[PDB]
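Enquirer: Sequence, then structure. It's an experimental one.
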Amino acid sequence: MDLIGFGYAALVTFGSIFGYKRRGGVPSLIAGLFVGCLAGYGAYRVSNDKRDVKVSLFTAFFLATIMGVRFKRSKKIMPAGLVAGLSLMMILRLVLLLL
């Protein structure tokens, strides 16, 4: 008759969260890479309407509204990364603009 049981699931959950990348938001740079991660990870098969920067902005706006980049209480911390990301994206792509 196992005793622990929970402990196992406990540590499991611990390593689970720890492992999985963090959500972020507070930072900006991280918010940028993220937005870009979606831009790509998505673009993978995002194909359909043949978008381009639509995802960039649309995203920045999405995540923005998600976290709270929009007009709110903050010292330009949480936000910035969002938009800054959208740009770093359209640019990170405009670089090759071949794919």
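Expert: Structure received. Residues are numbered from 1 along each chain as shown.

Enquirer: Give me the buried positions along the helix or strand hosting residue 41.
Expert: Using DSSP states H and E, residue 41 sits within helix 29-46. Residues of helix 29-46 classed as buried under the neighbour-count rule (16 or more other Cβ atoms under 10 Å) are 30-36, 38-39. C-beta coordinates here come from the backbone N, C-alpha and C atoms, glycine included.

Enquirer: same check, this time on stretch 46-58
Expert: 53, 55-56.

Enquirer: before we move on, the earlier item: which one of the buried residues of helix 29-46 sits closest to residue 79?
Expert: residue 31 (8.1 Å; Cβ to Cβ).

Enquirer: so what's the closest one up against?
Expert: The contact partners of residue 31, taken as Cβ atoms under 8 Å, 6 or more residues apart in numbering, are 24-25, 63, 67, 78, 80-82, 84-85.

Enquirer: Which of those are buried, as a ChimeraX select command?
Expert: Buried members of the contacts of residue 31, defined by 16+ other Cβ under 10 Å, are picked up in ChimeraX with:
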select :24,25,63,67,78,80,81,82,84,85
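
Enquirer: Helices - which of the contacts of residue 31 land there?
Expert: 63, 67, 81-82, 84-85 (DSSP state H).

Enquirer: how about the residue nearest the centre of the chain, what does it touch?
Expert: For the chain, residue 34 is the residue whose C-alpha lies nearest the centre (Cα atoms, centre = their mean; 3.1 Å). By Cβ under 8 Å, 6+ apart, the residues touching residue 34 are 24, 63, 85.

Enquirer: For residue 70, see how far away residue 56 is.
Expert: 17 Å (Cβ to Cβ, to the nearest Å).
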